[PDB]
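Any read-out appearing in this document is the output of simple, stated calculations on the displayed coordinates, not a laboratory observation. In this analysis, Cβ positions are derived from the backbone assuming ideal geometry, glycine residues included, and neighbour counts consider all displayed protein chains.
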Amino acid sequence: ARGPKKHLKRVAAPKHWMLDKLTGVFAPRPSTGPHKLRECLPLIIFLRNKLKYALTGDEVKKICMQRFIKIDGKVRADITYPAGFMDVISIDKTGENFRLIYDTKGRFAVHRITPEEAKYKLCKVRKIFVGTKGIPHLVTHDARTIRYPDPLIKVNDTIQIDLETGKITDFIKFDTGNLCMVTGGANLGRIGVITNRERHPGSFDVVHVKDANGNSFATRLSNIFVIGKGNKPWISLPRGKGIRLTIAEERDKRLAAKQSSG
Amino acid sequence: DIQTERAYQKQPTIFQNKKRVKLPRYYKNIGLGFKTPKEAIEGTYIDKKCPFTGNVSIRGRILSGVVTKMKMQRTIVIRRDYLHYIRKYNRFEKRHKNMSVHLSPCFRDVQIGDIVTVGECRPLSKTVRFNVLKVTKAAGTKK
Amino acid sequence: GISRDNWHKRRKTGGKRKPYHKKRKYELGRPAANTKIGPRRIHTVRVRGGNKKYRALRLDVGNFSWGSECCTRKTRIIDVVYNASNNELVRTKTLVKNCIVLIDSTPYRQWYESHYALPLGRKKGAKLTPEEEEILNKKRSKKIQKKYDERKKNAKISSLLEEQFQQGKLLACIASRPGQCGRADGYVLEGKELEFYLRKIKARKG
Amino acid sequence: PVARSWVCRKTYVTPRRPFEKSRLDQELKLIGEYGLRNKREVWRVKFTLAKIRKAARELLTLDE
Amino acid sequence: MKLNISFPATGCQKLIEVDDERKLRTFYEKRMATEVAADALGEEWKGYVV
RNA sequence: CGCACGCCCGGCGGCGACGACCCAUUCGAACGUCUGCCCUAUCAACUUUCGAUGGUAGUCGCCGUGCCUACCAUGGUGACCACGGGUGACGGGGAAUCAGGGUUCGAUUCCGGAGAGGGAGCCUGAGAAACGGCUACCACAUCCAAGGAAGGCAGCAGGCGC
RNA sequence: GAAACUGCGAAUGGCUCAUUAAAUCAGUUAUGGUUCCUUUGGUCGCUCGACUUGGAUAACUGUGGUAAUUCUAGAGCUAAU
């Protein structure tokens, strides 16, 4: 090409959108924004496919152009706006609040929260930076700058921000025995307690994490997001609490529930 | 002894004409647990591309070869030997890839057959992308 | 136009490359400024990303720094003496980064004199009739003289700088690319550099 | 760049030897016995059980 | 060779055709934007400069 | 620039659109690192003062570099197949065939590259050496009141030719 | 609300496979060696020295040239992010 691309073919689209093959040729190329294009979920896909309020692109346009949807306490009338990990989608008229967090599998969960919980979010810090006159800056995972942070917060800590003011309330420090969700790799959406961090000068540091049932799994430090102190989640977790039971167990649970149901 | 070329050879970091009433040396540790050698700290050469005492930063790959030729100046040819696995015949074939590599005047007495560790840095020349970090002398060479 | 790329020339071995694509824009090349000594002339160039790049075509003043005692003053360039790269760039007296130029000694002399309470340049016997320099070298109050006498303790300049001041042209090296930024910022040569360059120009003299 | 399948698959394999008296005389008994209309009706089901037997074998070799 | 003459003061304009050599002969080999005396073109335009 | 319209002796504030140097973020692009390709010896030597491999100083560039100048040094590649040649060769994910190995195919809807009749040069812009943009030169070619003028289907249809 | 000035887009998409044999390309990494419209979040009395200024142009009125085209010269008036 001779410039930035604008189309996204339906086959080349990120898989965890769970797009069918025979509907169309193109997929909603997510508008540039806070989250990455492969790690986002466009407002059109979340609104029409998961909740199934809208039936088509026109209905998604009509639902959002009435200023109804509000991503992180700020109104967004953009259908391809990238709503990503740790966001508070607040549909006001139905009186529902959704938080985008990874299901036990590699996909986003339709996870409803309470309006008291829908007033903060849990941001990971990406870089700490000294300003133009010794004014320290944070830069979080969702491309959000906060200046004059806590002098203690460092480059892999999690912060809790208020959603209107956009300022730090608390922070969870990156160390052993802290709840972490995995936000990349094959272990995408596993909730576990940090066991060991292994430094690799030049390469990517690999972090060993232990699940709630003594299941142990590693992932490179880029794909970790601490969401709790000790074993205490600071937000509500989805049904399953990021365990990933085996296909043998998932088969047993499915058919056993079916037998008892009838 | 130094300053053979037209322009004045000096380390651009330090100032050498402070009004007063030996020259200090610019050098740095290069990380990855490599020892900043003694000819770098003490010596009196000027080298832009010396990874210890000059403007170049080691990042990416760290490889090792065996010294083949040392004929062009402040540069050596090392020879990296490996085995490539053909799958039809469940056998290997002996291959080699000799690459151009910057040798600092720090590493004073290096002979051919020495096991030279190199680190990747910014393109230094047309064919040169690596820089010698340490030298291991060939088995023996005591006498 | 002028292509600035690797694929037009031979490999590490000496084989010929076949060009798999025609000339691209980002592989650009513009003509050399070859900045001369005259009255100020700068042309602007729109470069990649829509930024600006100033071609100094003629330039006679520059911000030079005699950084022994930290005194920098905007100064008038007169001519070029020596150039390490090429010798014809001195004949066709072009400024390039790391040239050797003569600069007006008067702002540095003025500062040195007004600071240290001693004369500089000013050959022996020459009468100082204007006598505003008299007021700059004489008439101090009480404790200011305690300040200027503990100052002039370390007022001693080196011989090779004194020689140049007495003539009225200092040797300086251009530390800013005049073709790129549209400037001629530099530093005055001192000690080891100055000895090296005075020798190189005398070998050029013959 | 059309939005389509192109995903098709054959459901029968024709036998290598076209004129084995043993095989012709076998398959015609199954056609007449179960009221199939052509040899492909038999070849289709020979192919379905051939797949099942193949996948059974591949698992039956696996480290217990 | 027609003359599309205009008058800014009023702001009107008229196309007056000429079919003579010696009337137009004064205009010839004079550059554009040269204020010329338009007396020779007719007895009507006595002491006009265009 | 637009809806709101206010708050006390002529005074007297929210909510938006648009714009703007710099910083981060996103979408990227660009240039490098390591390893990997079909047939050929009726291709055994190749590269280099008009850059071939290095050194110093600059020039140019969005930056790193022989990218390009000046002055030095004589290097760099090869039987582990370089250099040259052929390809009915765009590369890969893949496709047909298959006991196990394997052989042949991959112009073809997804990713990457290249090109808009053949080569070269440039304008504007964050982004192009852009052709459903411009400027010539070769090839072809349309309309001419004979002065001039307008071209580019390897886009969708469709027509000749093959 | 036609037109027209202004801003933006036209560099994506679509088509073909002629070039091209360490080239393209694939897996792996680097920019501590760079540029970035837009999106998003910061900055936007940090500088010690006017209750709104300036003069053109288009559309429009009017007069034309050419066998000719999304060609256009001349005149009079009037806007701005």
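Observations, loosely collected:
- Residue match in the stretch C:197-206 (condition: over 23 Å from C:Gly67 (Cβ atoms), surrounded by fewer than 17 Cβ atoms within 10 Å (Cβ to Cβ) and touching a helix residue (DSSP H, G or I) at 6+ places or on another chain (Cβ under 9 Å)): yes
- The stretch A:194-221 residues that are within 14 Å of chain B (Cβ to nearest Cβ), paired with ones that are surrounded by 14 or more Cβ atoms within 10 Å (Cβ to Cβ) and part of a loop (DSSP other than H, G, I, E, B) (beta carbon under 7 Å, 6 or more apart): A:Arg199/A:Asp205
- Across the stretch A:209-225, the number of residues qualifying as surrounded by fewer than 16 Cβ atoms within 10 Å (Cβ to Cβ) and polar (S, T, N, Q) comes to 4.
- For the stretch B:38-77, residues that are of a type in the set (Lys, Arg) and on the phi > 0 side of the Ramachandran plot total 1.
- Some residue of the stretch C:147-158 being out of contact with any strand residue (DSSP E or B) (no Cβ under 6 Å at 6 or more places or on another chain), over 30 Å from C:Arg46 (Cα atoms), of a type in the set (S, T, N, Q) and away from chain B (no Cβ under 14 Å): no
- Residues of the stretch C:30-58 that turn out to be within 24 Å of A:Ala1 (Cβ to Cβ) and more than 9 Å from RNA strand G (Cβ to nearest atom), as a count: 1
- Sole exception among (1) away from RNA strand G (no atom under 15 Å from the Cβ); (2) charged (D, E, K, R); (3) crowded, with 18+ Cβ neighbours inside 10 Å for A:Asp87, by number: (1)
- Checking each residue in the stretch C:172-201 for being under 16 Å from C:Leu161 (Cβ atoms) and acidic (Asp, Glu) picks out C:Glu190, C:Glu193, C:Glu195.
- For the stretch B:60-78, the set of residues classified as in a strand (DSSP E or B) and either within 16 Å of RNA strand G (Cβ to nearest atom) or surrounded by fewer than 19 Cβ atoms within 10 Å (Cβ to Cβ) (or both) consists of B:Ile62, B:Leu63, B:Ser64, B:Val66, B:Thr68, B:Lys69, B:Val77, listed by residue number.
- Selection count where residues are hydroxyl-bearing (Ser, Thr, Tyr) and surrounded by 13 or more Cβ atoms within 10 Å (Cβ to Cβ), scope the stretch C:148-174: 2
- Filtered residues of the stretch C:123-138 (kept if within 16 Å of C:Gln110 (Cβ to Cβ), in contact with a helix residue (DSSP H, G or I) (Cβ under 8 Å, 6 or more places away or on another chain) and part of a loop (DSSP other than H, G, I, E, B)): C:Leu128
- Checking A:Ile45 against (1) farther than 22 Å from D:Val2 by Cβ; (2) within 13 Å of chain D (Cβ to nearest Cβ); (3) not acidic (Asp, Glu), the condition it does not meet: (2)
- Sole exception among (1) among the hydroxyl-bearing types (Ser, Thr, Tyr); (2) away from RNA strand G (no atom under 11 Å from the Cβ); (3) more than 30 Å from A:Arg244 (Cα to Cα) for A:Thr104, by number: (3)
- Subset of the stretch B:38-55 that is more than 12 Å from the chain's Cα centre (by Cα), away from every other protein chain (no Cβ under 14 Å) and away from RNA strand G (no atom under 16 Å from the Cβ) - its residue that is nearest to B:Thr75 (Cα to Cα): B:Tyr45
- Test for B:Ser57: is it surrounded by fewer than 18 Cβ atoms within 10 Å (Cβ to Cβ), more than 6 Å from RNA strand F (Cβ to nearest atom), of a type in the set (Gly, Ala, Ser) and in a strand (DSSP E or B): no
- Pairs are defined by a Cβ separation below 8 Å, a sequence spacing of at least 6 or placement on different chains, a first member in the stretch C:1-21 that is within 14 Å of chain B (Cβ to nearest Cβ) and more than 23 Å from B:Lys97 (Cβ to Cβ), and a second member that is among the hydroxyl-bearing types (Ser, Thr, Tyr) and exposed (fewer than 10 other Cβ atoms within 10 Å of the Cβ); no pair meets this definition.
- Hits in the stretch B:88-124 - residues which are outside any strand (DSSP E or B), surrounded by 11 or more Cβ atoms within 10 Å (Cβ to Cβ) and within 14 Å of RNA strand F (Cβ to nearest atom): B:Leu103, B:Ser104, B:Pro105, B:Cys106, B:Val110, B:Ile112, B:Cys121, B:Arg122, B:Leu124
- Sole exception among (1) more than 20 Å from A:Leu51 (Cβ to Cβ); (2) surrounded by 14 or more Cβ atoms within 10 Å (Cβ to Cβ); (3) of a type in the set (A, V, I, L, M, F, W, C); (4) within 13 Å of RNA strand G (Cβ to nearest atom) for A:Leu122, by number: (4)
- Subset of the stretch A:4-18 (residues that are within 24 Å of A:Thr183 (Cα to Cα) and in a loop (DSSP other than H, G, I, E, B)): A:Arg10, A:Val11, A:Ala12, A:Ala13, A:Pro14, A:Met18
- Residues of the stretch B:1-37 satisfying the condition of being among the aliphatic types (A, V, I, L, M), within 18 Å of the chain's Cα centre (by Cα) and at positive phi: B:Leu32
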